[PDB]
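Peer 1: Enclosed are the sequence and the experimentally obtained structure.
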Amino acid sequence: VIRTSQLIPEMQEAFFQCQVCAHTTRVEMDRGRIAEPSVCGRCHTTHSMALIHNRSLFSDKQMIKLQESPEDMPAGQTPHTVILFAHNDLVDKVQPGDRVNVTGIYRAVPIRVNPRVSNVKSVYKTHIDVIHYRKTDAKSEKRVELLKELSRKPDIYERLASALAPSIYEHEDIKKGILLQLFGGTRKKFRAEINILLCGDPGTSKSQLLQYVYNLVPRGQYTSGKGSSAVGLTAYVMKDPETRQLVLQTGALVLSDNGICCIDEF
Amino acid sequence: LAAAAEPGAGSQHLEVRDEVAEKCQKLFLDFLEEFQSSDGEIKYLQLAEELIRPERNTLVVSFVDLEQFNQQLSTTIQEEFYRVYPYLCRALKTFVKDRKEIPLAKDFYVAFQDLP
Ligand SMILES: [Zn+2]
């Protein structure tokens, strides 16, 4: 998924009311159109029935733009994309960046040449009417008693520090400090967050250790100290491209409000 | 004129009325008129005294106070809020006219705080 639009309210039953005599009626959506009453049954005035938008009934709808997976692409080709539409009770189940096997009906619809003219282009735009999502890259008292028994194990501190980063060699005190950071101090200015700095030559184990440990905790973040960072350290304000309104894009330090922030090339 | 003095003279009346909304109107008027504070009597009468000021037009009402008044009324307001809201404003207008100093054209508004 590349982008996921706002929740679109799509009408499913139009509520009409007479402006003269307050008589009300309800009409179903035929194929997206409305069969407007044209005359009020209780007072026979023509063109007196007015659509009350908020008394009408709406379902949820959302547009999702889906790009083919990188491994499926041909050699050196730019991605193809398809448009998905997900309706009520299946609407907000996917986020940008995730991977899915999506099942739906391959629709083809006409698109009007101009918003004020009913002529349609001969070439039909296509989209997927989504029926099912299956995410493919996202993945008790027994746990409590196992953890409680494990806490009494001899040299459990060394055991957990050794379990940290199996690919990395010999860095015992570094792993011990990282473990104490990941556990943290007692919350209650009484800052309980432990700050750790790794220092050494480029190409050494510290970058691998950061890239490992950031995904080992909830609420964690990883970012670069350089300007090429995907999520910057500083908060900033930008125009949200899909709607061109201001949005307060907070930085990684703020998004990791109760977790570890791994700052590489610090 | 005869006892049949009404030819519908000048009438374009509402041939039907929203029953649920008008019941909500009268019951909310009763709530504003009868719900009382623990340290006194008739809280929202005292709070509605402030609406005679030129800038003030909104009465802030506690939804939990409405629940303490009646649960069915509170559920109906919560479920049918946008439908019934102008009727609640008319109820507030009927309640606040007893201060006697309001302009005739002044609108009044209800604002529900403390939603659980
Ligand atoms: Zn009518």
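Peer 2: Ah, there it is. Numbering: from 1, shown residues only, chains lettered A, B, ... in the order given.

Peer 1: and the residue nearest the centre of chain A, how far is that from residue B:83?
Peer 2: Central residue of chain A (C-alpha atoms, centre = their mean): residue A:95, 2.8 Å from the mean position. Separation of residue A:95 from residue B:83 (C-beta to C-beta, to the nearest Å): 35 Å. Any C-beta I mention is one placed from the backbone N, CA and C, and that applies to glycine too.

Peer 1: what ranges do the strands span in chain B?
Peer 2: B:58-62, B:109-113 (DSSP state E).

Peer 1: er, the stretch 101-250 of chain A I mean
Peer 2: Residue ranges of the strands in the stretch 101-250 of chain A, as given by DSSP state E, counting those that start in this stretch, are A:112-114, A:117-120, A:125-135, A:221-224, A:236-240, A:245-249.

Peer 1: Which one of those lies nearest to chain B?
Peer 2: Each of those has some distance to chain B by C-beta to the nearest C-beta; the shortest is strand A:245-249, at 24.7 Å.

Peer 1: next helix or strand past that closest one?
Peer 2: With elements assigned by DSSP states H and E, the helix or strand that comes after strand A:245-249 is helix A:252-255.

Peer 1: Identify each buried residue in that next one, please.
Peer 2: By neighbour count on 16 or more other C-beta atoms under 10 Å in any protein chain shown, the buried set for helix A:252-255 is A:252-253, A:255.

Peer 1: and residue A:11, what does it touch?
Peer 2: A:29, A:34, A:56-59 (C-beta atoms under 8 Å, 6 or more residues apart in numbering or on different chains).

Peer 1: what's the most distant pair in those?
Peer 2: Greatest spatial distance in the contacts of residue A:11: A:34 and A:59, 15.1 Å, computed using C-beta to C-beta.

Peer 1: looking at the strands of the stretch 101-250 of chain A, which is buried most?
Peer 2: Highest mean neighbour count of the strands of the stretch 101-250 of chain A: strand A:221-224, a mean of 20 (counted as mean count of other C-beta atoms under 10 Å in any protein chain shown).

Peer 1: Not counting sequence-adjacent ones, nearest residue to residue A:73?
Peer 2: Among residues not flanking residue A:73 along the chain, residue A:79 sits closest, at 6.6 Å (C-beta to C-beta, 6 or more residues apart in numbering or on different chains).

Peer 1: measure that neighbour to the ion for me?
Peer 2: 55 Å (C-beta to the ion, to the nearest Å).

Peer 1: So that residue versus residue A:2, what's the distance?
Peer 2: 8 Å.

Peer 1: At the geometric centre of chain B, which residue sits there?
Peer 2: Note: chain B centre (C-alpha atoms, centre = their mean) maps to residue B:91, 1.9 Å.

Peer 1: residues contacting that residue?
Peer 2: Neighbouring residues of residue B:91 by C-beta under 8 Å, 6+ apart: B:25-26, B:28-29, B:32, B:110.

Peer 1: got a list of what residue A:255 touches?
Peer 2: Per C-beta under 8 Å, 6+ apart, neighbours of residue A:255: A:221, A:231.

Peer 1: Could you tell me how far it is located from residue A:219?
Peer 2: Taken as C-beta to C-beta, the span from residue A:255 to residue A:219 is 8 Å.

Peer 1: For the stretch 1-150 of chain A, list the residues in contact with chain B, please.
Peer 2: Contacts of the stretch 1-150 of chain A with chain B, taken as C-beta under 8 Å from any C-beta of the partner chain, map to A:20-24, A:42-43, A:54-55.

Peer 1: So out of everything in the stretch 51-200 of chain A, what residue is nearest chain B?
Peer 2: residue A:54 (5.4 Å).

Peer 1: burial count for that residue?
Peer 2: If you count neighbours by other C-beta atoms under 10 Å in any protein chain shown, residue A:54 ends up with 8.

Peer 1: Quick one: the helices in the stretch 101-250 of chain A, in order.
Peer 2: Ranges of helices in the stretch 101-250 of chain A, per DSSP state H, counting those that start in this stretch, are A:141-151, A:156-163, A:172-183, A:205-213.

Peer 1: contacting residues around the longest one?
Peer 2: Where contact means C-beta under 8 Å, 6+ apart, the residues beyond helix A:172-183 that reach it are A:157-158, A:160-162, A:164-165, A:168, A:194-196, A:198, A:209, A:213, A:216-217, A:260.

Peer 1: and what of the second one?
Peer 2: Applying C-beta under 8 Å, 6+ apart, the external contacts of helix A:156-163 come out as A:150, A:153, A:172, A:175-176, A:178-179.

Peer 1: For these, which entry has the maximal number of neighbours?
Peer 2: residue A:178 (23 neighbours).

Peer 1: gap between that residue and residue B:90?
Peer 2: From residue A:178 to residue B:90 the distance is 66 Å (C-beta to C-beta).

Peer 1: residues contacting residue A:218?
Peer 2: residue A:259.

Peer 1: Kindly report the same for the one 4 residues further on.
Peer 2: Contacts here follow C-beta under 8 Å, 6+ apart; on that basis residue A:222 touches A:210-211, A:214-215, A:252, A:261-262, A:264.

Peer 1: try 10 Å
Peer 2: A:210-215, A:229-231, A:252, A:256, A:260-264 (C-beta atoms under 10 Å, 6 or more residues apart in numbering or on different chains).

Peer 1: Closest to chain B out of those residues?
Peer 2: Closest to chain B, out of all of the contacts of residue A:222 and judged by C-beta to the nearest C-beta, is residue A:256, at 31.9 Å.
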